[PDB]
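Take a look at the structure below.
Atoms within each ligand, like the ligands themselves, are counted from 1 in listed order. We name chains A, B, ... by the order of the sequence lines, and we start the count at 1 in each one. All heavy atoms count here, side chains included; hydrogens, waters and symmetry mates do not.
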Amino acid sequence: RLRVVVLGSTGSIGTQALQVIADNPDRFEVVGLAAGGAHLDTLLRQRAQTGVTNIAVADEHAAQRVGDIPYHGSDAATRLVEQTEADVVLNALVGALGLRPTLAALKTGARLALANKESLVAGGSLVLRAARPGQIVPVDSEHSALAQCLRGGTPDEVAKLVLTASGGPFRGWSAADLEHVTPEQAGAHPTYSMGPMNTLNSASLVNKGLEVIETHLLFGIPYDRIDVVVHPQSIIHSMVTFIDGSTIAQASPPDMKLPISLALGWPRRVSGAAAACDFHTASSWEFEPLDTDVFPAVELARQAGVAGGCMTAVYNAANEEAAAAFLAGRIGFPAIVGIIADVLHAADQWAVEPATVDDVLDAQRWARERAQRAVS
Amino acid sequence: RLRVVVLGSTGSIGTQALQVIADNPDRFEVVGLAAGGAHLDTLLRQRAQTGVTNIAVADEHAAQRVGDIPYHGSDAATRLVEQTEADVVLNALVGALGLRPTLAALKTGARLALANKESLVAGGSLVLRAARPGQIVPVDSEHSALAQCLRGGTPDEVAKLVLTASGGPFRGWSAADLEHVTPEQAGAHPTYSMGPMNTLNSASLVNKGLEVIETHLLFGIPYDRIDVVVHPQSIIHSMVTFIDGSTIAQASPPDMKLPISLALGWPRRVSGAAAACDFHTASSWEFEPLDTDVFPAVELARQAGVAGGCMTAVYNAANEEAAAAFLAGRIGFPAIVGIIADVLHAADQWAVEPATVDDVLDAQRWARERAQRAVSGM
Ligand SMILES: NC(=O)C1=CN([C@@H]2O[C@H](COP(=O)(O)OP(=O)(O)OC[C@H]3O[C@@H](n4cnc5c(N)ncnc54)[C@H](OP(=O)(O)O)[C@@H]3O)[C@@H](O)[C@H]2O)C=CC1
Ligand SMILES: NC(=O)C1=CN([C@@H]2O[C@H](COP(=O)(O)OP(=O)(O)OC[C@H]3O[C@@H](n4cnc5c(N)ncnc54)[C@H](OP(=O)(O)O)[C@@H]3O)[C@@H](O)[C@H]2O)C=CC1
Ligand SMILES: O=CN(O)CCCP(=O)(O)O
Ligand SMILES: O=CN(O)CCCP(=O)(O)O
Ligand SMILES: [Mn+2]
Ligand SMILES: [Mn+2]
């Protein structure tokens, strides 16, 4: 029975994870929860249902309202990870703020079931140096797919890793069409129900950019051998092409419970985690290229990744600041990626490899401040 | 450098295999060829291109025209296999006549790269009992796909095997429409260029039936956990569904050189064997149910397989006889599968495991006579 800490338990991934665990008592047990404090009703229900009071709440006043909270403050999640015996830490926090808990999870020796891609993108080589082989297991569906498909050959036989992208609500739209996009319109993802950040990032295509960096970091494949194809149904979750011309693909109706279940149970599958494809009804899986002129977020992510060092932290931190500005009505939708480009292209000093967490934090601070100057 | 014997070298698969070997002289060497004698100019070219004089030709007269052929007559292919040192025998013969070469190959201890699915369908447990694990490696694209996708879990984690079928030229047709099918129409496959028999069988859906039996025999998955789905593009070659709900699929533009190369090179992939999927232009992969009312060949294959023993030899033999009658204008297209069903339903005695090859041969003889009896009544 694996002991699981769930960071960001009240969120989209976190709540789906608690459901998988609730359905599988003989294999998993919750031993800790962390949240921000914005959803106390959810947190209350989760405390009662799991019987776990080992909980972190970032916001101090929220922690007082809910009562009986052992860790509060901006370091509460990190402290929780440091002070809880666990076999798996499921990091489902949102944003680069997942960085210290990610580093702490790796130091404990526990498996890190990583949903919080921003922590790996920001940490880069610093997070890789803190992990042992196989210690980080991806929850993100593309990387879960890739890990499964890589069982299909030897390392020297892999040609390309191919990520699928839904294309978002604005698939096929012109650059001009993006001008008057509202937060409401950006909020309507075609295939997944998610928190507001991954929703916005999937609309701007920054999510797929983050995922290209995540792919390079997790699997050690060169950027030039990572492809991205737009697949509107989000049924094929990604695929691997081998040197003989064969492709192996992983597929299922979009439901994050499946990759969540596998990250927890790895390498053993979890019976009944999610519905399989049903071929008793006619259907079709479509594929099309991404228009890189309209959506250059992925090319920008490749540029950031190839530069390496703290540049991937810069890419993500510029996004976090610019996205927030869009959500607040201070900038238009195209300015999100426009600001990322501007910040990235001014960031040559950050191509250096981080020695400690503080180097990544510095790079992020620099990027946010510059993005903020672009906004105003 | 693997020494390969290529049976059925002048055919669709055989010619494609020779090209893969030609393109990869560091990996493979042809050391034997077998053919029927119908394509002599092809065989002349192959002898010259490979430098191999170690050749079997089934038709004696044909063998004379080629000249200098060491093995000739109906057992020529089998004798070639028994007397040629090799690492891999690629059996790309067509029909149940591939049975004795398949058994002889297994006995040599060499890998059997099996394109000739009929020999396994006919031999059933007899062929399985002749083989060691990994010794039979499928050239058939569906089974090559399944083999690859099965690397994606442990055996108890497998829920279903899902085979794709092109649907053939008559996909979507009614039973009434099928009555009017000509041999010429049934010779036009949507996705693969093949010899006449697999082309016909893919149009009648008997090919998918044979492949369902082949799946059960190769992988040990029960018939009721083998699905078939119609996929008109033939890009996804087959898929495995696991107990968590995950499906793993193998895909490529249809090109038999890919599964041929893998079967020869197993478990090592052959660089550059075939083109990969390209996503630079918009495309669609479609799936739809098979119309089992109009096309019961797969259901009848399951029935035969479930019955077991010699019943799968009966299924295939009834098809070979009925198929040839349709080609000769002796019956209409729907009567192919109609005769298969009639023969199967009278075949209760053949649901016993074959002890020897002769048991299989007896069941096949019985089945052909029964099919001919049905044919002569039409
Ligand atoms: N949702 C999805 O399907 C997918 C998500 N991902 C990735 O998984 C991660 C989680 O995303 P998602 O579940 O959508 O996010 P949500 O916004 O739904 O959830 C965020 C979680 O983090 C908590 N949180 C927010 N700020 C803080 C803080 N300062 N300290 C501690 N906890 C905090 C929230 O708690 P509260 O709200 O209670 O304050 C909530 O539990 C993201 O990295 C995302 O990119 C990846 C692929 C798919
Ligand atoms: N073609 C394809 O893409 C696929 C084929 N297969 C299977 O592979 C096998 C071969 O199919 P395919 O290549 O299309 O068939 P073809 O009809 O194209 O080739 C048949 C081959 O067998 C030879 N042959 C015929 N009779 C005899 C005999 N009595 N003794 C020795 N050789 C003989 C023929 O020689 P000749 O013509 O010179 O007399 C020819 O070389 C079949 O079992 C088929 O179902 C499976 C999947 C795909
Ligand atoms: O793994 C699942 N997701 O990343 C949800 C977002 C999918 P998209 O970025 O392709 O729209
Ligand atoms: O493996 C390849 N084939 O069997 C070619 C026939 C394809 P079909 O039976 O699905 O039409
Ligand atoms: Mn993802
Ligand atoms: Mn086939």
Side-chain angles (χ1 to χ4, degrees), chain A residues 7-16 34-40 42-43 56-59 62 74 76-77 91-95 97-98 101 114-119 139-144 163-168 189-199 201-203 205 207-208 210-211 230-231 234 237 254 256 259, chain B residues 7-16 34-40 42-43 56-59 62 74 76-77 91-95 97-98 101 114-119 139-142 192-199 201-202 207 210-211 254 256 259:
Chain A
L7 313 176
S9 64
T10 56
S12 165
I13 289 301
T15 57
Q16 292 177 82
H39 296 96
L40 301 176
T42 300
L43 189 58
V57 176
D59 182 72
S74 64
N91 189 352
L93 295 170
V94 57
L97 64 80
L114 181 70
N116 175 229
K117 67 192 81 173
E118 302 96 305
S119 62
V139 174
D140 208 348
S141 71
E142 293 81 10
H143 311 81
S144 182
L163 302 174
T164 50
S166 72
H189 192 271
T191 57
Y192 285 97
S193 177
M194 308 177 285
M197 187 65 66
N198 205 131
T199 300
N201 283 3
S202 282
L205 269 286
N207 183 54
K208 205 57 49 171
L210 296 174
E211 290 176 354
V230 174
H231 165 53
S234 294
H237 302 304
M256 291 298 299
Chain B
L7 315 174
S9 70
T10 58
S12 174
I13 293 299
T15 50
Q16 286 178 91
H39 298 90
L40 301 186
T42 298
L43 194 65
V57 176
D59 181 82
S74 59
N91 184 352
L93 300 167
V94 54
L97 63 80
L114 185 65
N116 175 231
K117 69 197 84 183
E118 297 97 309
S119 61
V139 168
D140 214 348
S141 70
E142 291 83 7
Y192 286 94
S193 168
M194 305 179 281
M197 195 61 191
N198 203 135
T199 301
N201 286 353
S202 288
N207 181 62
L210 297 168
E211 294 177 351
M256 291 301 302

Would [X] count as a contact residue for ligand 1, given that I'm defining contact as a non-hydrogen atom of the residue lying under 4.0 Å from a ligand atom?
| X | result |
| --- | --- |
| A:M197 | no |
| A:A34 | no |
| A:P196 | yes |
| A:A77 | no |

[atom]: nearest protein contact (heavy atom, Å):
| atom | value |
| --- | --- |
| atom 25 (C) of ligand 1 | A:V94 CG1, 4.1 Å |
| atom 30 (N) of ligand 1 | A:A58 CB, 3.4 Å |
| atom 6 (C) of ligand 3 | A:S202 OG, 3.2 Å |
| atom 45 (O) of ligand 1 | A:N198 OD1, 2.8 Å |
| atom 27 (C) of ligand 1 | A:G36 CA, 3.9 Å |
| atom 48 (C) of ligand 1 | A:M256 CE, 3.8 Å |
| atom 19 (O) of ligand 1 | A:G11 CA, 3.3 Å |
| atom 47 (C) of ligand 1 | A:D140 OD1, 3.3 Å |
| atom 7 (C) of ligand 1 | A:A115 O, 3.1 Å |

Looking at [X] and [Y], what are the two nearest heavy atoms and their distance?
| X | Y | result |
| --- | --- | --- |
| A:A165 | A:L205 | CB-CD1, 4.5 Å |
| B:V57 | B:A62 | CG1-CB, 4.2 Å |
| A:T10 | A:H39 | CG2-O, 3.9 Å |
| A:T191 | A:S234 | OG1-OG, 2.9 Å |
| B:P101 | B:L7 | CB-CD1, 3.9 Å |
| B:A34 | B:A77 | CB-CB, 4.0 Å |

When you compare ligand 2 with [X], is there at least one nitrogen or oxygen pair between them that comes in under 3.5 angstrom?
| X | value |
| --- | --- |
| B:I13 | yes |
| B:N207 | no |
| B:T10 | yes |
| B:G37 | yes |

When you look for heavy atoms under 4.0 Å from ligand 2, do you find them on the side chain of B:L43, its backbone, both, or neither?
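For B:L43, no heavy atom sits under 4.0 Å from ligand 2.
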Using heavy atoms and a threshold below 4.0 Å, how should the contact between B:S9 and ligand 2 be classified: side chain, backbone, both, or neither?
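For B:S9, the contact with ligand 2 is made by the backbone alone.
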Using a 4.0 Å cut-off to any heavy atom of A:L93, which atoms of ligand 1 qualify?
9 (C), 10 (C), 22 (O), 31 (C), 32 (N), 33 (C), 42 (C), 43 (O)
Taking 4.0 angstrom as the limit and counting only heavy atoms of A:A92, give me the atoms of ligand 1 inside it, by number and element.
10 (C), 21 (C)
Could you check if a side-chain atom of [X] sits within less than 4.5 angstrom of a side-chain atom of [Y], using non-hydrogen atoms only?
| X | Y | result |
| --- | --- | --- |
| A:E142 | A:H237 | no |
| B:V139 | B:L114 | no |
| A:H189 | A:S166 | yes |
| B:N116 | B:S119 | yes |
| B:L210 | B:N201 | yes |

Going by heavy-atom distance to [atom], choose the closest among [options].
| atom | options | answer |
| --- | --- | --- |
| atom 37 (O) of ligand 1 | A:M194, A:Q16, A:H39 | A:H39 |
| atom 26 (N) of ligand 2 | B:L97, B:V139, B:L210 | B:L97 |
| atom 14 (O) of ligand 1 | A:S144, A:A76, A:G8, A:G195 | A:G195 |
| atom 32 (N) of ligand 2 | B:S12, B:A38, B:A35, B:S202 | B:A35 |

Residues B:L97, B:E118; criterion side-chain contact (heavy atoms from CB on, under 4.5 Å); working and verdict:
CA-CA 8 Å; B:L97 63 80; B:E118 297 97 309; over 6 Å; no
Would you check whether A:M194 reaches within less than 4.0 Å of ligand 3, judged by its heavy atoms?
yes
Heavy-atom distances under 4.0 Å decide this one: backbone, side chain, both or neither, for A:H237 against ligand 3?
neither
Sub-3.5 Å donor-acceptor pair from the side chain of [X] to the main-chain atoms of [Y], do we have one?
| X | Y | value |
| --- | --- | --- |
| A:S12 | A:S193 | yes |
| B:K117 | B:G95 | no |
| A:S144 | A:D140 | no |

Distance col, row A:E211:CD vs A:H143:NE2, nearest 0.5 angstrom, shows 5.0 Å
May I ask you to list the atoms of ligand 2 that are less than 4.0 angstrom from any heavy atom of B:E118?
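Those of ligand 2 that fall under 4.0 Å from B:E118 are 42 (C), 43 (O), 45 (O).
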Give the atom numbers and elements of ligand 2 that come within less than 4.0 Å of a heavy atom of B:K117.
43 (O), 45 (O), 46 (C), 47 (C)
Before giving the answer on side-chain contact (heavy atoms from CB on, under 4.5 Å), spell out for A:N198 and A:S202 the whole-Å C-alpha distance, their side-chain angles and the decisive distance to 0.1 Å.
CA-CA 6 Å; A:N198 205 131; A:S202 282; 3.2 Å; yes
Subset of ligand 3 atoms that lie under 4.0 Å from at least one heavy atom of [X]:
| X | value |
| --- | --- |
| A:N207 | 4 (O), 6 (C), 9 (O) |
| A:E211 | 4 (O) |
| A:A165 | 10 (O) |
| A:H189 | 8 (P), 11 (O) |
| A:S141 | 1 (O), 2 (C) |
| A:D140 | 1 (O), 2 (C), 4 (O) |

Taking distance alone, with no angle check, do [X] and ligand 3 share an N/O pair under 3.5 Å?
| X | value |
| --- | --- |
| A:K208 | yes |
| A:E142 | yes |
| A:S166 | yes |

What do the steps show when you test A:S141 against A:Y192 for side-chain contact (heavy atoms from CB on, under 4.5 Å), and what is the final call?
CA-CA 11 Å; A:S141 71; A:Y192 285 97; 3.6 Å; yes
For a side-chain contact (heavy atoms from CB on, under 4.5 Å) with A:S9, tell me which candidate from A:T42, A:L43, A:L93 qualifies.
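Output: one option passes, namely A:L43.
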